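Novice: Residue numbers (the numbering used here), protein chains in the order written: chain Z, 9 to 412; chain R, 9 to 412. Structure in structure tokens, see below.
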Ligand SMILES: Cc1cc2nc3c(=O)[nH]c(=O)nc-3n(C[C@H](O)[C@H](O)[C@H](O)COP(=O)(O)O)c2cc1C
Ligand SMILES: Cc1cc2nc3c(=O)[nH]c(=O)nc-3n(C[C@H](O)[C@H](O)[C@H](O)COP(=O)(O)O)c2cc1C
Ligand SMILES: C=C(CO)C(=O)OC
Ligand SMILES: C=C(CO)C(=O)OC
Ligand code: NA
Ligand code: NA
Ligand code: NA
Ligand code: NA
Ligand code: NA
Ligand code: NA
């Protein structure tokens with residue numbers, strides 16, 4: 009059903025805030041949202057250009073791109089997700105960042121790497137193995153699937169982990185700058201590669217990158233440090249999901265509790281800020297949501313208050329913020345400290361003008377989960393059109409094409 | 009009476025436009041509007057800080073400051089107008105431009121110089137004479153007033169005209185950059201100094217700065233050229249009022265018609281643009297208004313179509329644009345070419361949120377001419393408050409004070 013909402017115009021959500029070297033004019037953010045409308049070779053498409061453009065119209069909005077692969081080894085979905093490792097990728101993304109910028113808005117790219125959850129058949133076509141901190145699978149079914157095609161998950165060697173820092177993420181960061189991105193965001197959430205390194209259920213390494221809380225965090229902090237020297241700390245973000253059990257992360261049932269793991273990481277980030285190397289923002293997923301799934305109040309085992317107590321800079325929070333609509337009591341509490349951004353993913357899919365709707369209390373159009381991950385324009389850019397002009401069958405047939 | 013208006017949200021008025029090196033998100037502009045709420049020594053005041061801040065809230069709005077004196081010799085009003093010639097002036101203005109910038113908006117400073125209309129008693133206190141291109145007065149009364157205090161208008165010498173370029177306007181431009189202004193605008197309108205040079209009723213010089221159309225334009229083009237080498241052409245604007253008879257400019261009754269004078273100037277500006285030295289914008293006053301006065305359709309002797317035909321860059325037009333409210337037929341025609349900005353001065357005085365009102369068709373609050381030029385906060389920042397919280401007598405007593 010459509011969601012009745014009270015206007016946020018006079019709230020902290022429309023007070024300006026400096027994030028790194030840019031100033032946002034709204035604290036409402038579009039978080040990274042995988043949609044699979046990139047081209048087959050992972051170049052961003054004509055559909056994506058319009059999609060991000062349509063969401064940039066409140067001047068001074070921050071948009072964060074869907075998970076974007078840092079390298080071929082970083083990939084592994086059957087759906088067509090974008091990349092940022094070739095000149096072709098960067099040039100196409102630049103058309104998109106140009107369009108967002110022309111509206112006075114800003115864009116961060118979420119750099120991802122799937123790791124142990126990469127599809128083994130897909131990776132086999134690249135002549136690649138699924139890789140991770142350790143040789144583990146999210147399920148027995150995944151293990152059987154990988155071994156059945158003779159392409160098991162394997163642990164990255166120490167040198168390969170160094171390669172992530174000095175090659176894969178370095179090149180991705182360089183391409184991201186070529187592409188005109190205002191920030192790069194390390195995806196360290198939701199059980200993908202960086203989360204696999206951070207937490208013990210996924211990392212049993214015996215080199216410098218595992219075997220202790222500090223060792224497990226080492227790769228992530230090494231990426232933060234190295235990339236800061238390339239692009240500047242003011243252009244860096246990171247996303248974490250301490251409480252999530254998406255893709256079989258054990259979370260509060262792990263041998264090290266998320267409060268320990270993630271407080272360690274956040275405090276190390278704050279110590280860098282104290283030394284003049286403060287990253288632009290930390291993005292955190294609220295315990296109401298785990299990956300792309302809502303979590304019952306019953307199953308919630310912690311909260312993200314620790315991030316606020318430990319980190320002094322900008323925080324982006326997201327996860328079912330309309331649960332207490334129309335009055336948005338929780339959203340208002342969460343932004344009261346004046347350094348907190350609030351993200352809406354699912355409602356931004358069906359409301360390209362979401363910032364405007366939230367500003368003036370306009371009923372939210374319900375989203376369509378059925379078309380979250382499909383391969384064509386129906387349920388993608390169609391939310392920007394009047395229905396009477398949406399030819400559904402034509403749009404279902406409209407697959408992504410090259411920009412211009 | 010309050011003005012009913014139709015929403016401009018879906019019009020060209022909310023399409024982005026690059027002006028010099030900045031992109032505006034609305035084409036609605038606040039034009040230079042003298043209000044006399046600066047400090048006695050011409051430093052910008054606490055009241056001005058709030059006043060410009062209040063008008064910057066639609067992100068990506070261009071605000072142009074009230075006439076701002078380039079030097080002591082440039083002054084001459086009894087009211088307290090601001091200046092931009094000392095470090096103190098620049099530092100105070102920087103607080104204001106900082107505030108506008110934090111809202112994602114931009115600010116141009118209108119550089120002025122009164123010339124022959126400077127009050128002779130005021131100038132006598134500075135040990136200065138009123139000066140001009142030639143020794144003329146706007147009226148016999150002005151002549152009698154100046155001679156009665158033994159302080160006649162006098163013609164600037166050739167060297168003094170050079171001093172305007174290399175000293176007065178050079179320093180003002182430098183201070184404007186220190187103050188964080190995005191543009192500097194030469195006031196060549198309304199019968200002030202630069203207009204006095206351009207037109208023959210006010211300029212009978214026999215040196216290189218008078219005696220022909222080209223010679224009369226020489227100072228203005230010399231300022232454009234010299235200041236372009238200092239701040240860049242992308243940071244320069246100019247205002248002209250071809251049809252105005254404000255302060256006794258003869259206009260269409262002069263010995264050279266405004267179409268001749270101003271087409272010459274605009275074409276010279278376009279030739280500079282063809283060579284890569286295109287200034288950011290030309291601001292023109294529509295024939296509906298002369299200075300601060302409306303002009304009857306009967307008395308209108310020309311239009312500004314020539315500027316559009318000759319100049320290929322950004323044009324700002326202003327002058328009673330709400331005359332055909334609610335539908336704004338003329339405004340819409342004028343912005344249809346996609347390179348034209350539209351200014352509202354008088355309605356911006358009583359509607360600090362004017363861009364927002366025009367966007368969504370909110371009734372315009374009528375302005376109060378009685379408080380256009382008074383010395384205190386009543387009728388100045390009071391338009392941003394709810395009435396029930398406006399203590400009128402306290403506000404009348406609130407004169408400008410130092411920022412912070
Ligand atoms: C279809 C879909 C795709 C998503 N893709 C990503 C992603 O690529 N990276 C990421 O960090 N989170 C991703 N998420 C999680 C969202 O960014 C967000 O945290 C979550 O949906 C909760 O916010 P919401 O309640 O406003 O939707 C995705 C969520 C959905 C529903
Ligand atoms: C009180 C007042 C002060 C003004 N001050 C200036 C000024 O300093 N410089 C200038 O170029 N025009 C000045 N103008 C002219 C305006 O910028 C504008 O061109 C004129 O008012 C017509 O626009 P409007 O009908 O929207 O008010 C002033 C006008 C008024 C009414
Ligand atoms: C599609 C999801 C859902 O959380 C994801 O995080 O992709 C990186
Ligand atoms: C106050 C006016 C009215 O046009 C003026 O132009 O000041 C520079
Ligand atoms: Na737009
Ligand atoms: Na825009
Ligand atoms: Na908070
Ligand atoms: Na503001
Ligand atoms: Na703002
Ligand atoms: Na036009």
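We put the CB at the ideal spot given by N, CA and C, even for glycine.
Any heavy atom of ligand 9 closer than 7 angstroms to the CB of residue 33 of chain Z?
Specialist: Because some heavy atom of ligand 9 lies under 7 angstroms away, the Cβ of residue 33 of chain Z counts as near it: yes.
Novice: Does DSSP put residue 102 of chain R in a helix, a strand or coil?
Specialist: Three-state DSSP puts residue 102 of chain R in a helix.
Novice: Would you say the beta carbon of residue 111 of chain R comes nearer than 7 angstroms to a heavy atom of ligand 9?
Specialist: The answer is yes for residue 111 of chain R.
Novice: Span of the alpha helix (DSSP H) holding residue 61 of chain R?
Specialist: Its alpha helix (DSSP H) spans residues 54-62.
Novice: Around the C-beta of residue 140 of chain R, are 16 or more other C-beta atoms found within 10 angstroms, so that it is buried, or is it exposed?
Specialist: It counts as buried.
Novice: List in chain order: all unbroken alpha helix (DSSP H) runs of 4+ residues lying wholly within the region 124-184 of chain R.
Specialist: Fully enclosed alpha helix (DSSP H) runs of 4 or longer: 128-133, 148-156, 166-171.
Novice: To which residues of the same chain is residue 83 of chain Z closer than 6 angstroms at the C-beta, ignoring the five residues directly before and after it?
Specialist: Once the five neighbours on either side are set aside, the close Cβ partners of residue 83 of chain Z are 77.
Novice: Under 8 angstroms by Cβ, that's how I've got residue 297 of chain Z and residue 36 of chain Z pegged, so tell me the actual separation to the nearest angstrom.
Specialist: Not confirmed; about 17 angstroms, so no contact.
Novice: Is it buried or exposed for residue 402 of chain R, if we count other Cβ within 10 angstroms and need 16 for buried?
Specialist: Result: exposed.
Novice: Cβ of residue 113 of chain Z within 8 angstroms of Cβ of residue 71 of chain Z?
Specialist: Yes.
Novice: Mind checking the region 51-69 of chain R against chain Z and listing, in chain order, the residues whose C-beta falls within less than 7 angstroms of any C-beta there?
Specialist: Per Cβ criterion, the list reads 67, 68.
Novice: If you measure beta-carbon to beta-carbon, which residues of the region 109-142 of chain Z are closer than 9 angstroms to chain R?
Specialist: Of all residues in the region 109-142 of chain Z, 109, 110, 111, 112 have a Cβ within less than 9 angstroms of some Cβ in chain R.
Novice: Grab the span of the beta strand (DSSP E) containing residue 193 of chain Z for me, first residue to last.
Specialist: Taken as a continuous stretch (DSSP letters only), the beta strand (DSSP E) holding residue 193 of chain Z covers 191-196.
Novice: Taking only the alpha-carbon atoms, compute the straight-line gap between residue 303 of chain R and residue 311 of chain R and give it to the nearest angstrom.
Specialist: Cα to Cα, the separation comes out at about 12 angstroms.
Novice: Return helix, strand or coil for residue 324 of chain Z, following the three-state DSSP convention.
Specialist: It is a strand residue.
Novice: Per DSSP, which one or two residues make a beta bridge with residue 348 of chain Z?
Specialist: Paired residues: Z:323.
Novice: What does the alpha-carbon distance come out to for the pair residue 289 of chain Z and residue 354 of chain Z?
Specialist: Straight-line Cα distance between these residues: approximately 21 angstroms.
Novice: Just checking residue 65 of chain Z against ligand 6 - is the residue's beta carbon closer than 7 angstroms to any of the ligand's heavy atoms?
Specialist: Indeed, a heavy atom of ligand 6 lies less than 7 angstroms from the Cβ.
Novice: Ignoring anything shorter than 3 residues or poking outside the region 218-302 of chain R, list the beta strand (DSSP E) runs there in chain order.
Specialist: For the region 218-302 of chain R, whole beta strand (DSSP E) runs of length 3 or above, ordered along the chain, are 244-248, 289-293.
Novice: Residue 285 of chain R CB to nearest chain Z CB: under 8 angstroms?
Specialist: No, residue 285 of chain R does not count as interfacial toward chain Z.
Novice: Just curious, the alpha helix (DSSP H) that residue 315 of chain Z is in, first and last residue?
Specialist: 313-318 is the extent of the alpha helix (DSSP H) around residue 315 of chain Z.
Novice: With a cut-off of 8 angstroms, does the C-beta of residue 392 of chain R fall near any C-beta of chain Z?
Specialist: Cβ-Cβ to chain Z under 8 angstroms: no for residue 392 of chain R.
Novice: What in chain R is Cβ-close to residue 24 of chain Z, meaning under 8 angstroms?
Specialist: What residue 24 of chain Z touches in chain R: 110, 111, 112.
Novice: State the CB to CB distance for the pair residue 229 of chain R and residue 276 of chain R, rounded to an integer number of angstroms; the pair is presumed to be in contact (CB under 8 angstroms).
Specialist: 6 angstroms between Cβ atoms; contact.
Novice: Using a C-beta to C-beta distance shorter than 7 angstroms, which residues of chain Z count as neighbours of residue 31 of chain R?
Specialist: What residue 31 of chain R touches in chain Z: 110, 112.
Novice: Counting only the same chain and skipping the five closest in sequence on each side, list residues whose C-beta sits under 6 angstroms from that of residue 387 of chain Z.
Specialist: Cβ neighbours of residue 387 of chain Z beyond the five flanking positions: 376, 379.
Novice: Span of the beta strand (DSSP E) holding residue 338 of chain Z?
Specialist: That residue, residue 338 of chain Z, is in no beta strand (DSSP E); its alpha helix (DSSP H) goes 337-343.
Novice: Verify the contact flag: residue 316 of chain Z, CB atom, against every heavy atom of ligand 7, threshold strictly below 7 angstroms.
Specialist: Yes, since a heavy atom of ligand 7 falls inside the 7 angstroms radius drawn around the Cβ of residue 316 of chain Z.
Novice: Please determine, among R:41, R:318, R:269, R:240, the residue with the shortest C-alpha to C-alpha distance to residue 284 of chain R.
Specialist: Of the listed residues, the one whose Cα sits closest to residue 284 of chain R is R:240.
Novice: Residues around ligand 4, please: the ones whose beta-carbon is closer than 5 angstroms to some heavy atom of it, in chain order.
Specialist: Residues flagged by the Cβ proximity filter: R:42, R:75, R:198, R:299, R:300.
Novice: Which residue from R:209, R:116, R:97 puts its Cα closest to that of residue 38 of chain R?
Specialist: Residue 38 of chain R has its Cα closest to that of R:116, out of R:209, R:116, R:97.
Novice: Tell me whether residue 395 of chain R is buried or exposed, calling it buried when 16 or more other Cβ atoms sit within 10 Å of its Cβ.
Specialist: So residue 395 of chain R counts as exposed.
Novice: From the DSSP output, in three-state form, read off residue 330 of chain Z for me.
Specialist: In the structure shown, residue 330 of chain Z sits in a helix (DSSP, three-state: H, G or I).
Novice: Considering residue 13 of chain Z, what are the terminal residues of the beta strand (DSSP E) in which it resides?
Specialist: Where residue 13 of chain Z is concerned, there is no enclosing beta strand (DSSP E), given that its DSSP letter is neither H nor E.
Novice: How about residue 147 of chain R and residue 369 of chain R: are their beta carbons less than 8 angstroms apart?
Specialist: Contact flag unset, no.
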